[PDB]
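Protein chains in written order, with the UniProt record's numbering: chain B, 2 to 289, 295 to 551; chain G, 2 to 289, 295 to 551; chain P, 2 to 289, 295 to 551; chain C, 466 to 551. Let me begin by presenting the structure, written as structure tokens, before commenting on it.
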Ligand SMILES: Nc1ncnc2c1ncn2[C@@H]1O[C@H](COP(=O)(O)OP(=O)(O)O)[C@@H](O)[C@H]1O
Ligand SMILES: Nc1ncnc2c1ncn2[C@@H]1O[C@H](COP(=O)(O)OP(=O)(O)O)[C@@H](O)[C@H]1O
Ligand SMILES: Nc1ncnc2c1ncn2[C@@H]1O[C@H](COP(=O)(O)OP(=O)(O)O)[C@@H](O)[C@H]1O
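Pasting the structure below:
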């Protein structure tokens, strides 16, 4: 609290500092041969090689430093929370490109840098591999991410390879035994749950199992302003349309606030003739993206309704009571018995969503838009698997659950978005490609040389792609011969790396080292903006207002 | 005097420091637009832009620093003491290549660097231009080095252009008038002078003028061990061979020490019959490279003699007394009247030396061997010119003499070794050439890529050639447009620079900016070794034994 | 002795500092109303308003500061040593233009500044007034420079006004009485004096008076190498040409060294027949600019001779013995009796020098070339006046001598180079003129605006001319009315100032305040270069080698 | 003095760009006053503000100057600072 206002020379000196510190800390941990960090938390010691853990938990003393650290860290942290891998890499690059931006100042050059990298990005996007569940490489992918588990990879790759035609959704529970236990099902998890514990079996948040129902999907959030539209709705269907109705009447909506939940408790007490074994004939169901409720509507033959007052204006055309089988829960509800008349309607609805993705742009196929729409498909079609993980102690079971979850996250994103060749190669080929493409095309080579090659950027960026490769393999067998390394054309055609586990030398394709497409893309994408930011900042404020 | 022994991390940290300081100090002064230094010497202020002065006179506080400074400085200082220009440049490069050596460690790489640069050196050696006295560019050369004197350049270029067929030797004296004064002669200066003041006219180191003599050239250094060989020699010629002898008998040798000079004073007193007007008939003559006395022998019809005892065994075949005209002096002797019978013998002797240079290697044509042999030619053939420089005060005459001496040094080395295109261009072309030559030749491109291009050196060395060009023109008209500069093929073909005097833009060939070949070669040559040294040193000792 | 090497930010910060200090010290002293400085010298106190004294004697503590001070000071000091006035002014401006150079950086702008000021300089050179001895303003000039002496001005202006047709040369001696005493003569001082005290009357450096002689002017410096050419010369004239010869034979030359003076002492002893009353018949005469001896030659009918050996080859055509009257002295020789046959030859020689000045350029008319040639004219033609200054004490006589010498220096340069209008006006008109001239001329106004007006320099330079006027009159009657001052066209036509002595307000032409042309020119000229230097310096060295 | 001050905004925006590189600094001649040339910082091209599409609301740059004045004055004419909590 000397000065709360930092301008200029100073600010960047600090940014440089911090960035350099973090880099050292985290990059040390990269790969299987990476060295370890010890972390205090009160009275204990986590000792790790998880860059993300390291990164998340690195702290500093001066407010200034921290201020900047946060900016380096949160983006790396933000990769694993959606992708599942690739923070270190992000950081490494964040250093890489920063340094770069600093070598070529002037607010035309920064513009030029961006475009170049952006084109490189697209080259990565194109280089994307694809994999079906049958393929053997899913093993090798699962093997990489499981830090060399000969047991897990085998199991999980069989899971996906045996169900050829359905994508298995997988859950995890902490088991009791030394052995694992697998529970395969043919139903799908639904995101709906009780609004109030009273509406369940036994009137206290239990698990009500049903063999008949009539669902109705409302969109609006429900509170004290809807209590009247509900009384008009409920008594209109129970009086007029009671003939064609299997109990219970499920009222699925966005949110049920407590003023409307107490109204529907008394509407259950209003008709005690329709109470069978304690089960209330009306259950309100909330959900945590409007079209996710449209999926809930399609699975259960329920119509979609915008307003609560629309419950009145209905007919045998719009009311459809199902005689399947449903298991409601406080956490989530589960469907099981699906008559093949329904499986035609859900499969038709899923084809409608798939056709929307078929005519997406290639860049939008890695957006959140597409990834949510595929999260819809797998709710609609797929097989629920419950694995109960075990082991010799308590902590080793809990750790083994995490190692499984890593595996699933890897495998899903593997077949979903393909895979690139490992050992920091893919990036090198991409850069050297992108340079060669624009320089080779006679049309624009005019300006291309002038912007990138002539100014010297191209050459700088080429050396930067190398970094990952340098970090992994500096001080090994590969790099010993010939002083440093010779990234010639011969190498570009057949890139040679070292498997750090084994010790042998070969192609990443040969040896079985692959990174998820989505990671090393997001890494670079993320790397750029965050680099830029640090580079173009000229001021730090620490003043609590 | 904390520690007298510096090893490692420290030593180089220091070397870096110093080198960086010096560079800043000196490079600031480069070109006509360079900024100024003020220097104390006791109670005064020299304010300058002379890099050499700056360099020579920069001091430091810690013994350590100085230790290193000396090593940077003395080589730069050593360029002007033989070439006459090019210290700054040397230093700039000394930084340049240092920095380089540091980027590529490993004692194969340093080897590779050397070879590359060496090849570049040869490319400079080849790029060498040539100039005859008639050519207009000698003006433009003289104009550059005279810091834009429209008067001096004109005069001195006329001097060399009017005597087409003889290379004028030029001396300088501090004059009396506001105007200069020129004294043209047709004689040649000889490096011989009195051993003792007694042997002159008036017996006190005066200027004896003669119209007849008989010279004898001895090789050995003469002291107390030769006093007897002289008495046997002198009386053998004065008794036996007095008929065919014109006085005085000149005894030219290397050194006459005082034990032999007093012997020949009494040998003059021994025959007082041969004393005409006070003039002693015997004069010993010393000279400050054995074959320089062979030139003295050829000009004067004197024979060459290895020993002092050889003076006895002589005949009319070996004794030849000249009837020309000679002016002996305490500083130097001067010849004037040369009978066309002698001018055939000297011209034949000069052709013998020229033929030795005709079949020299191109690299040996810039050695000391060739340069001394051409210093022989110009003693033998050429016209002595005495210029007496004047002006309005005392200090401005003395300064004007120096400016003239700069001009002569420039012009001589200009026609002697040619000239390269200025503005730090020549170096750029050479590098880009040398890279393109070896990479283009299909024979060895195999290894060439592997050593220089692939490792990245080539690219580093290319950026380094630029430095001179960057320093001169950064922050001007030329460099404003397009952020920085674009050293494309188009530029290599027609290199554009800025004349800092005028402001206009064009080729160095067009605008009239030329550097002596010998300088920018010696600069680079010197740059390399001295760079290496600083780079490869790992220890500093300060201990007075 | 912390650091002996100062680069950059620092160096200029220091230069700024010093310059600012000096300025304050000296500028405080400008004009009659200026405040006083007290100076220590050991054990006393000089208290003054003499800027030059102040300037010369200001000292500093850090070597650095001093280093720079010297550079500011010596040029100011150098004005009074040739002009006699105008140091403060110089300094003021040295600040002024410095400051300016700093506002417009970039090494085109500095070039532009120079040219502008240079044109301004020429406008001053043109504005030059002229004055004949008769004119009343010489009084007013003499009055200004004599710090308001109603007695001195009157006397000295009468001296020059009474001798209308001859420019009086004036000397000064410290008198005995309370009253002054004037000694008018019709002879001219000559710069020749005894080489040795032996050659005088009484043989001990006395004042030999003569009524007949035969002079001979030699050019060369005479030493041990001329002793023989003298014995051949002297005995050739005393033997062959003794008939047409009046004694003594005066041998006027540049320098007589002691080896030749002892030769001519014995040549006087060689012919004792020609010794009359002790007077040696041969006197060597030395002089401290070759053509000053040509003046000595023309006054005395002596021929000019280049060599000492030329004394032999002479005839009645070349030897001419005068029967005038001469008074030789150890300090200087004096001529008196001049036959009207001689006064035709000297007056013809003086017309020859005047005609060389008639066709000089206007810029070269203020050079050293012209000023030395006029120092020749006044040696040749003019009246010697010896004033013996007195007063009540010792120190007040010595001070009164200095006040007289100021007066003469002023008056001579007044009629010699004219006079400009005072109170720092002339400079203002010049600037405002030079701006208006180039801007008004339709031919080049194109570029003129672009260089000077458009960039803003012109306006800056205008405000700077004001400074002198501001310093003199800020905090007075003139500047009280209207906040500050309004340099309108009306003012430019009729410039109003304040006489600081009286208090009244009027034109400098009206009130009688005039500066010598040569001063305020040299001030500005000097101001510029020295300003530039300080501005363009980027380095300070303090290291004793 | 006031003329040089109007420039400031223009100087700040475009110092160290394409426009200001040529001719040392800038030449606010009559020719410029008639057809004022600026640089669009988004694109990089050079032209009139009318041509390129760069416009400020009237109310702002008025209130700016209006506000600028009084607040300038105040700071300039103040000669005293009190910090004493009563
Ligand atoms: N067994 C292996 N052999 C060779 N390279 C490997 C191996 N395992 C990982 N790599 C390489 O090292 C990197 C793994 O680092 P990791 O710390 O898991 O990355 P992040 O924490 O950023 O997800 C990947 O870029 C991969 O190409
Ligand atoms: N008038 C000019 N115009 C353009 N370039 C010049 C001019 N004069 C010199 N140069 C360039 O600048 C350098 C001169 O620096 P200088 O200090 O004289 O070198 P050094 O002290 O090393 O001899 C040369 O390399 C030359 O090419
Ligand atoms: N009596 C006076 N009235 C008005 N102005 C004067 C008077 N005397 C001198 N000045 C002005 O003041 C300056 C005299 O300063 P001075 O210290 O004598 O100059 P310097 O020391 O540079 O010769 C001159 O420029 C002159 O114009």
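Ideal placement from N, C-alpha and C gives every residue a C-beta, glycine not left out.
Pairing residue 74 of chain G with residue 473 of chain G, the inter-Cα distance amounts to about 20 Å. With a threshold of 8 Å between beta carbons, residue 48 of chain G makes contact with chain P. Of all residues in the region 94-107 of chain G, only 107 place a beta-carbon less than 8 Å from a beta-carbon of chain B. The closest CA to that of residue 111 of chain G, considering only G:397, G:99, G:197, is found on G:99. A distance below 6 Å between beta-carbons, with the five flanking residues on each side excluded, links residue 186 of chain G to the following residues of its chain, in chain order: 390.
With its beta carbon less than 8 Å from one in chain C, residue 110 of chain P belongs to the interface.
Residue 235 of chain P is not a Cβ neighbour of residue 309 of chain P, given a cutoff of 8 Å.
Using a CB distance cut-off of 8 Å, residue 475 of chain C does not count as an interface residue toward chain P. The beta carbons of residue 394 of chain P and residue 170 of chain P sit no closer together than 8 Å.
Around the beta-carbon of residue 108 of chain B, fewer than 16 other beta-carbon atoms lie within 10 Å, marking it exposed.
From the beta-carbon of residue 494 of chain C, the residues of chain P found nearer than 9 Å are 455, 456, 460. For the 8 Å CB-CB criterion, residue 190 of chain G and residue 352 of chain G do not form a contact. If you check each beta-carbon in the region 13-37 of chain G against every beta-carbon of chain P, the ones closer than 8 Å belong to 22, 25, 26, 29, 34, 36, 37. Within a 10 Å sphere around the beta-carbon of residue 205 of chain P sit fewer than 16 other beta-carbons, which makes this residue exposed. Among the CB atoms of chain P, none fall inside 8 Å of the CB of residue 479 of chain G.
Counting along the chain, no beta strand (DSSP E) covers residue 228 of chain B; the unbroken alpha helix (DSSP H) around it starts and ends at 228-240. Taking non-hydrogen atoms of ligand 3 into account, the C-beta of residue 142 of chain P is found less than 7 Å away from none of them.
Taking C-beta atoms under 8 Å as the contact rule, residue 257 of chain P and residue 315 of chain P fail to qualify, at a distance of about 17 Å. At least one C-beta of chain P is nearer than 8 Å to the C-beta of residue 490 of chain C. In the displayed model, residue 532 of chain B falls within a helix according to three-state DSSP.
Residues of chain G with a Cβ closer than 7 Å to the Cβ of residue 237 of chain P do not exist; the shortest Cβ-Cβ separation is about 19 Å. If the five residues before and after residue 87 of chain G are omitted, its C-beta is found closer than 6 Å to the C-beta atoms of 80, 525, 529, all from its own chain and listed in chain order. With respect to chain G, the C-beta atom of residue 42 of chain B has no partner C-beta closer than 8 Å. Among the residues of chain G, those whose CB is under 7 Å from the CB of residue 71 of chain P are 46, following chain order. Secondary structure remark: continuous alpha helix (DSSP H) runs of at least 4 residues inside the region 373-431 of chain P, in chain order: 374-386, 401-423. Neighbours of residue 465 of chain G across chain B, judged by C-beta separation under 7 Å: 465. Residue range 215-219 is occupied by the beta strand (DSSP E) that includes residue 217 of chain G.
The criterion of a C-beta distance shorter than 8 Å is satisfied by residue 356 of chain B and residue 386 of chain B.
Around the beta-carbon of residue 243 of chain G, fewer than 16 other beta-carbon atoms lie within 10 Å, marking it exposed. Contact annotation: residue 209 of chain G and residue 216 of chain G have beta-carbon atoms that are not nearer than 8 Å. If only complete runs of 3 or more residues are kept, the region 157-185 of chain G shows the beta strand (DSSP E) at 170-175, 182-185, in order along the chain. Between the region 543-551 of chain B and the region 6-17 of chain B there are three or more C-beta pairs closer than 8 Å, enough to call the two in contact.
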